[PDB]
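Next up: a single chain in structure tokens, the form deposited in one PDB entry.
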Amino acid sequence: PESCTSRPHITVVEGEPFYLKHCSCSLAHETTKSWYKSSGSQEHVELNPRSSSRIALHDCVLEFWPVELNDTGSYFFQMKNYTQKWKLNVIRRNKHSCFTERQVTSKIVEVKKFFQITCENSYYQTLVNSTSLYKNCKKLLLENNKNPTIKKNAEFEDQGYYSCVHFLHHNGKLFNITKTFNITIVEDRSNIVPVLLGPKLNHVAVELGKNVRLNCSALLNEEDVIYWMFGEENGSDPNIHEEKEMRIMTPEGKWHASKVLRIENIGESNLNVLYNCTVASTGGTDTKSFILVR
């Protein structure tokens, strides 16, 4: 039911029940499976049912009850020809806080947008007696003891460290699985549809042998691009130069972007040719064309 630990490097806090599940559980159905540990250049050792009173070896998982600092090391699993490696990094517990800062999952939420925190632990839920949710180590009162859940529209005051603490029993001993979320409330990014300023079709009167600077400007978002299409497929006209972009922030925090196409030494090859300027965004694109005329 629970997903395998497929990532190569794992970071866990000491004194917390930890496990690593391999990615061949259906395979673990066909005694031909082994787990190994390699401490700082120890060239591995095979783990066994009672290698350590804390380490429980199962067909698909390697359980730690709890994981401690001496467990830091490289772990290797072998089933017939299947092989899996994990680099376990057990970090010291911040015994002055209700959670270690080095074990947080940050999340940035825009103000007034939906915000939700749910405490769940699929794996150990059978052993979980109670689970509590704290905001900056202050127990919040959300009726639910099984899955304390916050569901609201974000406010700047919601910024803070939300720690899910799952309390559980294993052979009389009490343990917990703390999982902290570093929520950061930010101002609404309020993205706009990029718009090219000026008419879609532009005719600019030029004279052969002279130069021309085709100005293109748009109103766009910080991450949008403005570019020119002037026939670079197998090399463009060597006299055509796309100038550096220019951006001025609008009071509303959007951007006035400018890109100039410089057509030097104008010839008949530049005339009655559509030079296009496009603005492209995750929110849409828009193109305008320039025609050089005599």
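Each residue number is its position in the shown sequence, starting from 1.
Task: Count class of coordinate-free deposited residues lying between the neighbours residue 30 and residue 31 - done: Just 1 to 3 residues are missing between them.
TODO: May I ask you to compare 36-44 and 245-253 by their mean CA B factor in the entry and name the higher one?
DONE: According to the PDB entry, the answer is 36-44.
- [ ] Identify the stretch, either 5-13 or 21-29, whose C-alpha atoms have the larger mean B-factor according to the entry.
- [x] Stretch with the higher mean C-alpha B-factor: 21-29.
Open item on the list: Highest recorded C-alpha temperature factor, please, choosing from 55, 266, 225, 260.
Closed with: Among 55, 266, 225, 260, the PDB entry lists the largest C-alpha B-factor for 55.
Task: Residue with highest C-alpha B-factor in the PDB entry, from 118, 211, 97, 163 - done: Of the candidates given, the C-alpha B-factor peaks at 97.
Task: Third of chain Cα B-factors occupied by residue 234 - done: For residue 234, whose C-alpha B-factor we compare with every modelled residue in the chain, the answer is the middle third.
Task: Modelled-residue ranking by C-alpha temperature factor, third containing residue 147 - done: For residue 147, the deposited C-alpha B-factor lands in the highest third.
Open item on the list: Can you tell me whether residue 114 has a C-alpha B-factor in the lowest, middle or highest third compared with the other modelled residues of the same chain?
Closed with: Lowest third of the chain for residue 114's C-alpha B-factor.
- [ ] Going by the recorded CA B-factors, say which third of the chain residue 62 sits in, lowest, middle or highest.
- [x] Within its chain, residue 62 is a middle-third residue by C-alpha B-factor, going by the deposited values.
- [ ] For residue 127, return the chain-relative third of its C-alpha B-factor as stated in the PDB record: lowest, middle or highest.
- [x] According to the entry, residue 127 has a C-alpha B-factor in the chain's highest third.
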